[PDB]
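Quick notes on the structure that follows.
Sequence positions, counted from 1, serve as the residue numbers for this chain.
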Amino acid sequence: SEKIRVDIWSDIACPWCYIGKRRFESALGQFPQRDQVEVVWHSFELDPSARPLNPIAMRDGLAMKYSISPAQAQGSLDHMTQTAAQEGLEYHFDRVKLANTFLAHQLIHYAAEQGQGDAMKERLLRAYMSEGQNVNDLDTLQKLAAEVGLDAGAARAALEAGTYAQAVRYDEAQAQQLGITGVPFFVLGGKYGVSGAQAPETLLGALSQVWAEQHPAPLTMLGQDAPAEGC
C-alpha cells in the first residue's frame with residue numbers, strides 16, 4: 001500500500017555487502033518517501049561449511065577462493081579497501097578473522113525480534129571488516145549485542161540454544177529458491193531484484209519506480225454510480 005518492503009540478502013563476511021549497505025543508505029536518504037520503507041535483513045553465508053575459525057590471512061583465503069597469486073589477492077583487497085573508503089568505511093583486512101558467520105546471523109535474527117536488526121547487522125559488519133573481531137566467538141557476539149543495546153544475557157542464551165538456527169537456514173534456502181547466488185542482493189516489493197552493490201542512483205530509481213507503481217494517479221469519474229458488487 002503506502003509501504004515499500006526492501007529485503008536484503010547479505011553475509012557478515014562480505015566486504016561488498018558493507019559497501020552495498022552504505023550505497024543503499026545513500027539512496028534511502030535521497031528518497032522522499034523513506035519513512036514508508038521497511039528494511040529487512042536476510043541471512044546469507046558465502047561459506048556455510050567454513051571452519052568455526054580459520055587462522056589464515058584474509059589475503060590467502062581470498063587467493064585460495066579465486067585461485068590467484070598473493071599479489072593479485074592483495075590488489076583485490078586494496079581495491080575493496082579504497083572503494084569502501086569512499087563510503088566512509090575504514091577496512092582493516094590484515095586484521096580480519098576468517099570466522100564461520102552462522103552464529104552471527106542468528107544474533108541478527110534475535111536482534112530483529114527486538115526491532116534492532118539493522119543496528120545489529122551494522123555492528124557485526126564493522127566488527128568483522130574494521131575491528132578484527134571473531135564473530136564466531138560467543139563472548140564477542142555477547143559484547144556486540146550489548147553495545148547495540150540488547151539484553152546481552154538473553155542474546156547469549158538464544159545463541160547457545162540455537163533458537164534462530166532454523167530461521168537462518170530458511171533465509172539461505174529462500175535465497176537459493178530466488179536464484180540469489182551472490183550478495184548483496186536487494187528485493188523490492190517482493191517483485192524486483194537488484195544484484196550486487198549498486199550505485200545509490202540505481203537503488204533510488206528502484207524505490208521511486210515501486211512507489212510510483214503503488215500510487216497510480218487518481219481517476220476522473222464519469223457519469224453516476226451504476227450497479228456493482230463489492231466485498
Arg5 side-chain N/O to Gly189 backbone N/O, donor-acceptor pair under 3.5 Å: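 Side chain of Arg5 to backbone of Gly189: no pair is present.
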
Exam field: side chain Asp47 to backbone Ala50, donor-acceptor pair closer than 3.5 Å: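 It does hold such a pair.
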
Going by distance alone, is a donor N or O of one side chain under 3.5 Å from an acceptor N or O of the other, for [X] and [Y]?
X      : Y      : value
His105 : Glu172 : no
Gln74  : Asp78  : yes
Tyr66  : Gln72  : no

Quick check for you: to the nearest 0.5 Å, what is the distance between [X] atom [atom1] and [Y] atom [atom2]?
X      : Y      : atom1 : atom2 : answer
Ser43  : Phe102 : OG    : CZ    : 8.5 Å
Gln36  : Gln214 : CD    : CD    : 11.0 Å
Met120 : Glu122 : CE    : CD    : 10.0 Å
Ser10  : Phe186 : OG    : CZ    : 8.0 Å
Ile8   : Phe185 : CD1   : CZ    : 12.0 Å
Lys65  : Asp60  : NZ    : CG    : 14.5 Å

Write down the atom of [X], the atom of [Y], and the distance for their closest heavy-atom approach.
X      : Y      : answer
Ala158 : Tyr164 : CB-CE1, 4.0 Å
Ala197 : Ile19  : CB-CG2, 4.3 Å
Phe93  : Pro15  : CZ-CB, 3.8 Å
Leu98  : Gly61  : CD1-CA, 4.4 Å
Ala27  : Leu203 : CB-CB, 3.7 Å
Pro48  : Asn100 : O-ND2, 3.4 Å

Check ion pair [X]-[Y] (N to O, under 4.0 angstrom):
X      : Y      : answer
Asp171 : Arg169 : no
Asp139 : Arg156 : yes
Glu131 : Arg95  : no
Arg59  : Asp94  : no

side-chain hydrogen bond (donor to acceptor under 3.5 Å, both in side chains) between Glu213 and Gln209, worked out: CA-CA 6 Å; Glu213 289 180 359; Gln209 177 180 337; 3.1 Å; yes

Taking C-beta and beyond as the side chain, do [X] and [Y] meet within less than 4.5 Å on heavy atoms?
X      : Y      : value
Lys121 : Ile12  : yes
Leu53  : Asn134 : yes
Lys21  : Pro184 : no
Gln106 : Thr163 : no
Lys97  : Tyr128 : no
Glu25  : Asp118 : yes
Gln176 : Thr181 : no
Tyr110 : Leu141 : no

Tell me whether [Y] is reachable from [X] by hopping between hydrophobic residues (I, L, V, M, F, W, Y) whose side-chain heavy atoms are closer than 4.5 Å.
X      : Y      : result
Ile4   : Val187 : no
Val183 : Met58  : no
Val40  : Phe44  : no
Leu46  : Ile56  : no
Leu159 : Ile108 : yes

Steps toward side chain to side chain contact (heavy atoms under 4.5 Å, CB included) verdict (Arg23, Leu28): CA-CA 9 Å; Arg23 282 166 183 185; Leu28 191 57; over 6 Å; no

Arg22, CZ atom: more than 12 neighbouring heavy atoms under 6.0 Å: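 Result for CZ/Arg22: enclosed.
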
Test log, rule side chain to side chain contact (heavy atoms under 4.5 Å, CB included), inputs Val135 and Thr140: CA-CA 6 Å; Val135 304; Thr140 301; 5.7 Å; no

Side chain to side chain contact (heavy atoms under 4.5 Å, CB included) assessment of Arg126 paired with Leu124: CA-CA 5 Å; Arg126 163 179 301 273; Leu124 285 161; over 6 Å; no

Side chain to side chain contact (heavy atoms under 4.5 Å, CB included) between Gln198 and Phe24, intermediate numbers included: CA-CA 8 Å; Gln198 301 267 354; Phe24 174 73; over 6 Å; no

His42 and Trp9 aromatic ring geometry - parallel, tilted or perpendicular at 30°/60° bounds: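 Rings of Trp9 and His42: parallel, under 30°.
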
Ring geometry between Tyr18 and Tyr91 (parallel below 30°, tilted from 30 to 60°, perpendicular above 60°):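 Taking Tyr18 first and then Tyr91, their aromatic rings lie parallel (interplane angle under 30°).
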
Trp16-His79 aromatic ring centre distance below 6.0 Å: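 Distance test on ring centres: under 6.0 Å, yes.
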
